[PDB]
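Structure file start-v9.txt (compact mmCIF, N, CA and C atoms) follows.
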```
# COMPACT_ATOMS: atom_id res chain seq x y z
N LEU A 1 -9.00 1.39 -5.53
CA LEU A 1 -8.17 0.65 -4.59
C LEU A 1 -8.51 -0.84 -4.61
N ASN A 2 -7.48 -1.67 -4.76
CA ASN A 2 -7.67 -3.12 -4.80
C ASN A 2 -7.55 -3.74 -3.42
N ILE A 3 -8.64 -4.33 -2.94
CA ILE A 3 -8.67 -4.92 -1.60
C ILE A 3 -9.12 -6.38 -1.60
N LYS A 4 -8.27 -7.25 -1.06
CA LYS A 4 -8.60 -8.66 -0.91
C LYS A 4 -8.69 -9.04 0.56
N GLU A 5 -9.91 -9.30 1.03
CA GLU A 5 -10.14 -9.64 2.43
C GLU A 5 -10.34 -11.14 2.64
N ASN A 6 -9.59 -11.69 3.60
CA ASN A 6 -9.71 -13.10 3.96
C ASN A 6 -10.02 -13.28 5.44
N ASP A 7 -11.05 -14.07 5.72
CA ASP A 7 -11.37 -14.45 7.09
C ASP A 7 -10.43 -15.56 7.55
N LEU A 8 -9.69 -15.30 8.62
CA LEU A 8 -8.79 -16.31 9.18
C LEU A 8 -9.30 -16.76 10.54
N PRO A 9 -10.04 -17.88 10.56
CA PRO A 9 -10.68 -18.39 11.78
C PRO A 9 -9.68 -18.67 12.89
N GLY A 10 -9.81 -17.96 14.00
CA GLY A 10 -8.93 -18.14 15.14
C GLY A 10 -7.75 -17.18 15.13
N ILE A 11 -7.63 -16.41 14.06
CA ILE A 11 -6.55 -15.44 13.94
C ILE A 11 -7.10 -14.03 13.75
N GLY A 12 -8.15 -13.90 12.95
CA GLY A 12 -8.78 -12.62 12.70
C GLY A 12 -9.03 -12.38 11.22
N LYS A 13 -8.95 -11.12 10.81
CA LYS A 13 -9.12 -10.75 9.41
C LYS A 13 -7.79 -10.35 8.77
N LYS A 14 -7.72 -10.48 7.45
CA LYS A 14 -6.51 -10.12 6.71
C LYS A 14 -6.83 -9.35 5.43
N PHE A 15 -6.26 -8.16 5.30
CA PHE A 15 -6.49 -7.32 4.13
C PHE A 15 -5.22 -7.12 3.31
N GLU A 16 -5.24 -7.61 2.08
CA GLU A 16 -4.14 -7.38 1.15
C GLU A 16 -4.51 -6.21 0.25
N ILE A 17 -3.71 -5.15 0.33
CA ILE A 17 -4.04 -3.90 -0.34
C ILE A 17 -2.93 -3.44 -1.28
N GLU A 18 -3.31 -3.10 -2.50
CA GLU A 18 -2.39 -2.47 -3.44
C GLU A 18 -2.92 -1.10 -3.82
N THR A 19 -2.05 -0.09 -3.73
CA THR A 19 -2.44 1.28 -4.01
C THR A 19 -2.27 1.62 -5.48
N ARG A 20 -2.85 2.74 -5.90
CA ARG A 20 -2.70 3.23 -7.26
C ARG A 20 -1.27 3.69 -7.52
N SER A 21 -0.51 3.90 -6.45
CA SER A 21 0.90 4.23 -6.55
C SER A 21 1.75 2.96 -6.49
N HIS A 22 1.10 1.82 -6.70
CA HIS A 22 1.76 0.52 -6.76
C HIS A 22 2.53 0.16 -5.49
N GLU A 23 1.88 0.35 -4.34
CA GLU A 23 2.50 0.00 -3.06
C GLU A 23 1.70 -1.11 -2.39
N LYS A 24 2.36 -2.24 -2.16
CA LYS A 24 1.69 -3.41 -1.60
C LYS A 24 1.91 -3.52 -0.09
N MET A 25 0.83 -3.77 0.64
CA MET A 25 0.91 -3.96 2.08
C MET A 25 -0.15 -4.92 2.59
N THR A 26 0.08 -5.48 3.77
CA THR A 26 -0.86 -6.41 4.38
C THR A 26 -1.29 -5.94 5.76
N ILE A 27 -2.60 -5.97 6.01
CA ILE A 27 -3.15 -5.57 7.29
C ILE A 27 -3.91 -6.73 7.93
N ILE A 28 -3.49 -7.11 9.13
CA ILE A 28 -4.14 -8.18 9.88
C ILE A 28 -4.85 -7.64 11.11
N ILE A 29 -6.16 -7.89 11.19
CA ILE A 29 -6.95 -7.46 12.34
C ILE A 29 -7.23 -8.64 13.26
N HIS A 30 -6.38 -8.83 14.26
CA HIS A 30 -6.55 -9.92 15.22
C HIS A 30 -7.82 -9.72 16.04
N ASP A 31 -8.37 -10.82 16.54
CA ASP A 31 -9.61 -10.79 17.31
C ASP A 31 -9.45 -10.04 18.63
N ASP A 32 -8.21 -9.91 19.09
CA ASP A 32 -7.92 -9.18 20.32
C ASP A 32 -7.76 -7.69 20.07
N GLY A 33 -8.13 -7.25 18.87
CA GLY A 33 -8.13 -5.84 18.53
C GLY A 33 -6.81 -5.33 18.00
N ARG A 34 -5.76 -6.13 18.16
CA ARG A 34 -4.43 -5.74 17.72
C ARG A 34 -4.33 -5.61 16.20
N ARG A 35 -3.77 -4.49 15.75
CA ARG A 35 -3.54 -4.26 14.33
C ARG A 35 -2.09 -4.57 13.98
N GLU A 36 -1.89 -5.30 12.89
CA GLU A 36 -0.55 -5.55 12.39
C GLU A 36 -0.44 -5.20 10.91
N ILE A 37 0.47 -4.29 10.60
CA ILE A 37 0.62 -3.78 9.24
C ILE A 37 2.00 -4.12 8.68
N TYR A 38 2.01 -4.90 7.60
CA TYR A 38 3.26 -5.34 6.98
C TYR A 38 3.47 -4.64 5.64
N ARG A 39 4.73 -4.50 5.24
CA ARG A 39 5.06 -3.82 3.99
C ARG A 39 6.40 -4.32 3.45
N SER A 40 9.46 -5.14 6.86
CA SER A 40 8.84 -3.98 7.48
C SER A 40 7.52 -4.35 8.15
N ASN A 41 7.40 -4.01 9.43
CA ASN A 41 6.21 -4.34 10.21
C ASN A 41 5.96 -3.38 11.37
N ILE A 42 4.69 -3.03 11.57
CA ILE A 42 4.29 -2.16 12.66
C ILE A 42 3.01 -2.67 13.33
N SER A 43 3.02 -2.71 14.66
CA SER A 43 1.89 -3.24 15.42
C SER A 43 1.20 -2.18 16.27
N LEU A 44 -0.13 -2.15 16.19
CA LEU A 44 -0.94 -1.22 16.97
C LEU A 44 -1.98 -1.99 17.77
N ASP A 45 -2.52 -1.37 18.81
CA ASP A 45 -3.66 -1.96 19.51
C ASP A 45 -4.94 -1.27 19.08
N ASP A 46 -6.06 -1.74 19.62
CA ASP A 46 -7.39 -1.30 19.17
C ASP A 46 -7.60 0.21 19.24
N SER A 47 -7.36 0.80 20.40
CA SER A 47 -7.56 2.23 20.59
C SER A 47 -6.64 3.09 19.72
N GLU A 48 -5.36 2.71 19.65
CA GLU A 48 -4.38 3.49 18.90
C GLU A 48 -4.73 3.54 17.41
N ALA A 49 -5.02 2.37 16.85
CA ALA A 49 -5.37 2.26 15.44
C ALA A 49 -6.57 3.13 15.08
N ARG A 50 -7.53 3.22 16.01
CA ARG A 50 -8.72 4.04 15.78
C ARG A 50 -8.37 5.53 15.71
N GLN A 51 -7.50 5.97 16.61
CA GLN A 51 -7.04 7.36 16.62
C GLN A 51 -6.29 7.68 15.34
N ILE A 52 -5.39 6.78 14.94
CA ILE A 52 -4.61 6.97 13.73
C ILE A 52 -5.50 6.92 12.49
N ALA A 53 -6.53 6.07 12.53
CA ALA A 53 -7.47 5.98 11.43
C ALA A 53 -8.33 7.24 11.34
N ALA A 54 -8.59 7.85 12.49
CA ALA A 54 -9.34 9.10 12.53
C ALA A 54 -8.53 10.21 11.86
N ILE A 55 -7.23 10.23 12.13
CA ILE A 55 -6.33 11.19 11.52
C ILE A 55 -6.20 10.94 10.02
N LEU A 56 -5.90 9.69 9.67
CA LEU A 56 -5.69 9.30 8.29
C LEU A 56 -6.96 9.49 7.46
N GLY A 57 -8.10 9.12 8.04
CA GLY A 57 -9.37 9.21 7.34
C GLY A 57 -9.85 10.64 7.14
N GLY A 58 -9.26 11.57 7.89
CA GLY A 58 -9.63 12.97 7.78
C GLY A 58 -10.99 13.26 8.38
N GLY B 1 -2.56 5.78 25.06
CA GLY B 1 -1.78 6.94 25.47
C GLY B 1 -0.96 7.52 24.33
N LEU B 2 -1.63 7.87 23.24
CA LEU B 2 -0.96 8.39 22.05
C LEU B 2 -0.50 9.84 22.20
N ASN B 3 0.76 10.08 21.85
CA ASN B 3 1.28 11.45 21.75
C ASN B 3 1.26 11.95 20.31
N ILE B 4 0.40 12.93 20.05
CA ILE B 4 0.25 13.47 18.70
C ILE B 4 0.61 14.95 18.64
N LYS B 5 1.51 15.29 17.73
CA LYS B 5 1.88 16.68 17.51
C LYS B 5 1.43 17.14 16.13
N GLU B 6 0.56 18.15 16.11
CA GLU B 6 0.02 18.66 14.87
C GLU B 6 0.57 20.05 14.54
N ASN B 7 0.99 20.21 13.29
CA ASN B 7 1.49 21.49 12.79
C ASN B 7 0.88 21.79 11.43
N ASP B 8 0.55 23.05 11.19
CA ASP B 8 0.08 23.47 9.88
C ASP B 8 1.25 23.71 8.93
N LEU B 9 1.11 23.21 7.71
CA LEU B 9 2.12 23.40 6.68
C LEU B 9 1.63 24.39 5.62
N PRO B 10 2.16 25.62 5.67
CA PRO B 10 1.76 26.73 4.79
C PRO B 10 1.86 26.39 3.31
N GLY B 11 0.72 26.16 2.67
CA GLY B 11 0.67 25.86 1.26
C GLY B 11 0.76 24.37 0.95
N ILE B 12 0.76 23.55 1.99
CA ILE B 12 0.83 22.11 1.81
C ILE B 12 -0.38 21.41 2.43
N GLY B 13 -0.55 21.56 3.74
CA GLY B 13 -1.66 20.96 4.45
C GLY B 13 -1.42 20.90 5.95
N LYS B 14 -1.39 19.69 6.49
CA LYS B 14 -1.15 19.49 7.92
C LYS B 14 -0.10 18.41 8.16
N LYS B 15 0.62 18.54 9.27
CA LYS B 15 1.62 17.55 9.66
C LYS B 15 1.30 16.94 11.02
N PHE B 16 1.21 15.61 11.07
CA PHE B 16 0.96 14.90 12.31
C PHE B 16 2.12 13.98 12.67
N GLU B 17 2.80 14.29 13.77
CA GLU B 17 3.84 13.41 14.29
C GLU B 17 3.27 12.58 15.43
N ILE B 18 3.33 11.26 15.27
CA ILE B 18 2.66 10.36 16.20
C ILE B 18 3.63 9.39 16.87
N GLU B 19 3.50 9.25 18.18
CA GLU B 19 4.26 8.25 18.93
C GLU B 19 3.32 7.50 19.87
N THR B 20 3.55 6.20 20.01
CA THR B 20 2.70 5.36 20.85
C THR B 20 3.35 5.09 22.20
N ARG B 21 2.65 4.37 23.07
CA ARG B 21 3.23 3.92 24.32
C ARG B 21 4.20 2.78 24.02
N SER B 22 3.98 2.12 22.88
CA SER B 22 4.89 1.10 22.38
C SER B 22 6.06 1.76 21.67
N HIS B 23 6.06 3.09 21.68
CA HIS B 23 7.12 3.90 21.08
C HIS B 23 7.33 3.65 19.59
N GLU B 24 6.29 3.91 18.81
CA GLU B 24 6.36 3.83 17.35
C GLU B 24 6.27 5.23 16.78
N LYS B 25 7.35 5.70 16.15
CA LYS B 25 7.38 7.05 15.60
C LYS B 25 7.08 7.10 14.11
N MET B 26 5.88 7.58 13.77
CA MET B 26 5.51 7.77 12.38
C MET B 26 5.08 9.21 12.14
N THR B 27 5.07 9.62 10.88
CA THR B 27 4.64 10.97 10.52
C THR B 27 3.63 10.92 9.38
N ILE B 28 2.50 11.60 9.57
CA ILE B 28 1.46 11.63 8.56
C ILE B 28 1.22 13.04 8.03
N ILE B 29 1.49 13.23 6.74
CA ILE B 29 1.24 14.50 6.08
C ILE B 29 -0.06 14.45 5.30
N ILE B 30 -0.99 15.34 5.64
CA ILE B 30 -2.24 15.44 4.90
C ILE B 30 -2.24 16.69 4.04
N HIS B 31 -2.05 16.50 2.74
CA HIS B 31 -2.03 17.62 1.81
C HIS B 31 -3.43 18.18 1.60
N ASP B 32 -3.49 19.44 1.19
CA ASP B 32 -4.77 20.09 0.91
C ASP B 32 -5.42 19.50 -0.34
N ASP B 33 -4.62 18.89 -1.21
CA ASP B 33 -5.16 18.29 -2.43
C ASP B 33 -5.87 16.96 -2.15
N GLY B 34 -5.63 16.41 -0.96
CA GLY B 34 -6.25 15.16 -0.56
C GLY B 34 -5.26 14.04 -0.31
N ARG B 35 -4.08 14.14 -0.91
CA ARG B 35 -3.05 13.11 -0.77
C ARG B 35 -2.57 12.94 0.67
N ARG B 36 -2.39 11.69 1.08
CA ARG B 36 -1.81 11.37 2.38
C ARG B 36 -0.43 10.75 2.22
N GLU B 37 0.54 11.26 2.97
CA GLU B 37 1.90 10.71 2.96
C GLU B 37 2.24 10.22 4.36
N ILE B 38 2.62 8.95 4.47
CA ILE B 38 2.97 8.38 5.76
C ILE B 38 4.45 8.00 5.82
N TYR B 39 5.14 8.50 6.84
CA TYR B 39 6.57 8.24 6.98
C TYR B 39 6.86 7.42 8.23
N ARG B 40 7.92 6.62 8.17
CA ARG B 40 8.31 5.79 9.29
C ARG B 40 9.83 5.66 9.39
N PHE B 41 10.37 6.08 10.53
CA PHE B 41 11.81 6.01 10.77
C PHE B 41 12.21 4.61 11.20
N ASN B 42 12.43 3.74 10.21
CA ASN B 42 12.78 2.35 10.46
C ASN B 42 14.09 2.19 11.22
N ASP B 43 18.71 -0.47 6.77
CA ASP B 43 18.88 -0.42 5.32
C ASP B 43 18.10 0.76 4.73
N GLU B 44 16.80 0.81 5.01
CA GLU B 44 15.98 1.95 4.62
C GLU B 44 15.58 2.75 5.86
N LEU B 45 16.26 3.87 6.08
CA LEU B 45 16.06 4.69 7.28
C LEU B 45 14.63 5.19 7.40
N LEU B 46 14.21 5.98 6.41
CA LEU B 46 12.90 6.59 6.43
C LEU B 46 12.03 6.10 5.27
N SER B 47 11.20 5.10 5.55
CA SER B 47 10.29 4.56 4.54
C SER B 47 9.11 5.50 4.33
N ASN B 48 8.53 5.45 3.14
CA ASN B 48 7.44 6.36 2.78
C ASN B 48 6.29 5.64 2.09
N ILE B 49 5.07 6.08 2.39
CA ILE B 49 3.86 5.52 1.77
C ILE B 49 2.97 6.64 1.25
N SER B 50 2.62 6.59 -0.03
CA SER B 50 1.79 7.64 -0.63
C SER B 50 0.37 7.16 -0.95
N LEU B 51 -0.62 7.95 -0.55
CA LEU B 51 -2.02 7.62 -0.76
C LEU B 51 -2.80 8.82 -1.28
N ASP B 52 -3.96 8.56 -1.86
CA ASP B 52 -4.90 9.63 -2.19
C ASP B 52 -6.08 9.56 -1.23
N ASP B 53 -6.99 10.53 -1.32
CA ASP B 53 -8.11 10.65 -0.39
C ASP B 53 -8.94 9.37 -0.28
N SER B 54 -9.38 8.85 -1.42
CA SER B 54 -10.18 7.63 -1.45
C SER B 54 -9.46 6.45 -0.79
N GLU B 55 -8.21 6.24 -1.18
CA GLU B 55 -7.41 5.16 -0.62
C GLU B 55 -7.22 5.33 0.89
N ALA B 56 -6.88 6.55 1.30
CA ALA B 56 -6.66 6.86 2.71
C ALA B 56 -7.90 6.57 3.54
N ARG B 57 -9.05 7.02 3.05
CA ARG B 57 -10.32 6.82 3.75
C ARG B 57 -10.68 5.34 3.90
N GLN B 58 -10.32 4.54 2.89
CA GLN B 58 -10.61 3.11 2.92
C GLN B 58 -9.74 2.38 3.93
N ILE B 59 -8.44 2.69 3.92
CA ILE B 59 -7.50 2.09 4.86
C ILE B 59 -7.88 2.45 6.29
N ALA B 60 -8.34 3.69 6.47
CA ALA B 60 -8.81 4.15 7.77
C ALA B 60 -10.00 3.33 8.22
N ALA B 61 -10.93 3.10 7.30
CA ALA B 61 -12.12 2.29 7.59
C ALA B 61 -11.74 0.87 7.97
N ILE B 62 -10.62 0.40 7.42
CA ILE B 62 -10.12 -0.93 7.75
C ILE B 62 -9.44 -0.93 9.11
N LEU B 63 -8.64 0.10 9.37
CA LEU B 63 -7.94 0.23 10.64
C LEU B 63 -8.88 0.64 11.78
N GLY B 64 -9.83 1.50 11.46
CA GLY B 64 -10.74 2.04 12.46
C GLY B 64 -11.81 1.08 12.92
N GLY B 65 -11.81 -0.13 12.37
CA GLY B 65 -12.78 -1.14 12.73
C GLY B 65 -14.14 -0.88 12.10
```
Rewrite the coordinates I just gave you, this time as structure tokens.
Amino acid sequence: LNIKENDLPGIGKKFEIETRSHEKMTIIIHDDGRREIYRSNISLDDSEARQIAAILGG
Amino acid sequence: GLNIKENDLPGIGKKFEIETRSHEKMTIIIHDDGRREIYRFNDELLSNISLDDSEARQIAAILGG
């Protein structure tokens, strides 16, 4: 998995991810815990993203 | 306040239908082989994302903080 992480001071973290199935998406982790996933856009908060990550992570 | 509905898929794996308080409807299929399929009812009605175990676990680690 190809992962490019950038620290964005005052905004949070940013992860650019490309899958082996050639699917590109961007994940932004704001300092307020809010998750934003672009591909099309979906926004989650801290608790929700953790639950979904628990499911996804198996 | 997440609403999660889980169903077993005979010969496939598990099905998770998820809705948020922000009302975001997505569907996550976890195959027994390890593959993860994520669906979203958005031009493109139902978008799809395909992952394998390693990829899924990494994205989770990113989302899970």
*Please provide the set of residues having any atom within 7 Å of residue B:63, restricted to only N, CA and C atoms, with same-chain residues fewer than 4 positions apart removed, written as a PyMOL selection string.*
(chain A and resi 49-50+53) or (chain B and resi 58-59)
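What separates atom N of residue B:54 from atom CA of residue B:3 is a distance of 25.6 Å.
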*Counting all atoms listed in the file, the residue of B:46, B:20, B:7, B:33 that sits nearest chain A*: B:20
*Which is closest to residue B:60 among A:25, A:52, A:17, A:1, if we use all atoms listed in the file?*
A:52
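Residues of chain B carrying a DSSP assignment of alpha helix (DSSP H), computed from the backbone, are residues 53, 54, 55, 56, 57, 58, 59, 60, 61, 62 and 63 of chain B.
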*Neighbours of residue B:49 within 9 Å (only C-alpha atoms; same-chain residues fewer than 6 positions away dropped), as a VMD selection string?*
(chain A and resid 21 23) or (chain B and resid 36 to 40)
Could you please take those selected residues and save N, CA and C atoms as a CSV table (one decimal), in the coordinates of the input?
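Printed below is result-v2.csv as written:
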```csv
chain,number,residue,atom,x,y,z
A,21,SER,N,-0.5,3.9,-6.4
A,21,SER,CA,0.9,4.2,-6.6
A,21,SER,C,1.8,3.0,-6.5
A,23,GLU,N,1.9,0.4,-4.3
A,23,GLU,CA,2.5,0.0,-3.1
A,23,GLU,C,1.7,-1.1,-2.4
B,36,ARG,N,-2.4,11.7,1.1
B,36,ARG,CA,-1.8,11.4,2.4
B,36,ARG,C,-0.4,10.8,2.2
B,37,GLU,N,0.5,11.3,3.0
B,37,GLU,CA,1.9,10.7,3.0
B,37,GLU,C,2.2,10.2,4.4
B,38,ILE,N,2.6,9.0,4.5
B,38,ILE,CA,3.0,8.4,5.8
B,38,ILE,C,4.4,8.0,5.8
B,39,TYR,N,5.1,8.5,6.8
B,39,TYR,CA,6.6,8.2,7.0
B,39,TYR,C,6.9,7.4,8.2
B,40,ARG,N,7.9,6.6,8.2
B,40,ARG,CA,8.3,5.8,9.3
B,40,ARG,C,9.8,5.7,9.4
```
*asked:* Quick check, in Å to one decimal: how far apart do atom N of residue A:45 and atom C of residue B:48 lie?
replied: 20.2 Å
*d(atom CA of residue A:54, atom CA of residue A:22) in Å*: 23.9 Å
Enumerate, in order of chain and increasing residue number, the residues of chain B with an atom no farther than 9 Å from chain A, each with its shortest atom pair and distance in Å to one decimal, counting only C-alpha atoms, as a Markdown table.
```
| residue | atom | partner | partner_atom | distance |
| --- | --- | --- | --- | --- |
| B:1 | CA | A:48 | CA | 7.9 |
| B:2 | CA | A:48 | CA | 6.8 |
| B:16 | CA | A:55 | CA | 8.2 |
| B:18 | CA | A:52 | CA | 8.4 |
| B:20 | CA | A:48 | CA | 7.6 |
| B:22 | CA | A:44 | CA | 8.3 |
| B:24 | CA | A:42 | CA | 7.9 |
| B:28 | CA | A:56 | CA | 7.5 |
| B:29 | CA | A:56 | CA | 8.9 |
| B:30 | CA | A:56 | CA | 7.8 |
| B:36 | CA | A:56 | CA | 7.4 |
| B:42 | CA | A:40 | CA | 8.0 |
| B:49 | CA | A:23 | CA | 7.5 |
| B:50 | CA | A:21 | CA | 6.9 |
| B:51 | CA | A:19 | CA | 7.1 |
| B:52 | CA | A:20 | CA | 8.5 |
| B:53 | CA | A:57 | CA | 8.0 |
| B:54 | CA | A:1 | CA | 7.9 |
| B:55 | CA | A:1 | CA | 6.1 |
| B:56 | CA | A:57 | CA | 5.9 |
| B:57 | CA | A:57 | CA | 4.4 |
| B:58 | CA | A:57 | CA | 7.6 |
| B:59 | CA | A:53 | CA | 7.6 |
| B:60 | CA | A:53 | CA | 4.3 |
| B:61 | CA | A:53 | CA | 7.1 |
| B:62 | CA | A:15 | CA | 8.2 |
| B:63 | CA | A:49 | CA | 5.8 |
| B:64 | CA | A:50 | CA | 4.4 |
| B:65 | CA | A:50 | CA | 7.3 |
```
*asked:* Could you pull out the strand (DSSP E) residues of chain B, going by DSSP on the backbone, and write them as a PyMOL selection string?
replied: chain B and resi 3-9+13-19+26-31+36-41+46-51
*Can you list, as an MDAnalysis selection string, every protein, DNA or RNA residue that comes within 6 Å of residue B:41 when you count only N, CA and C atoms, leaving out same-chain residues fewer than 5 positions away?*
chainID B and resid 25:26 46:47
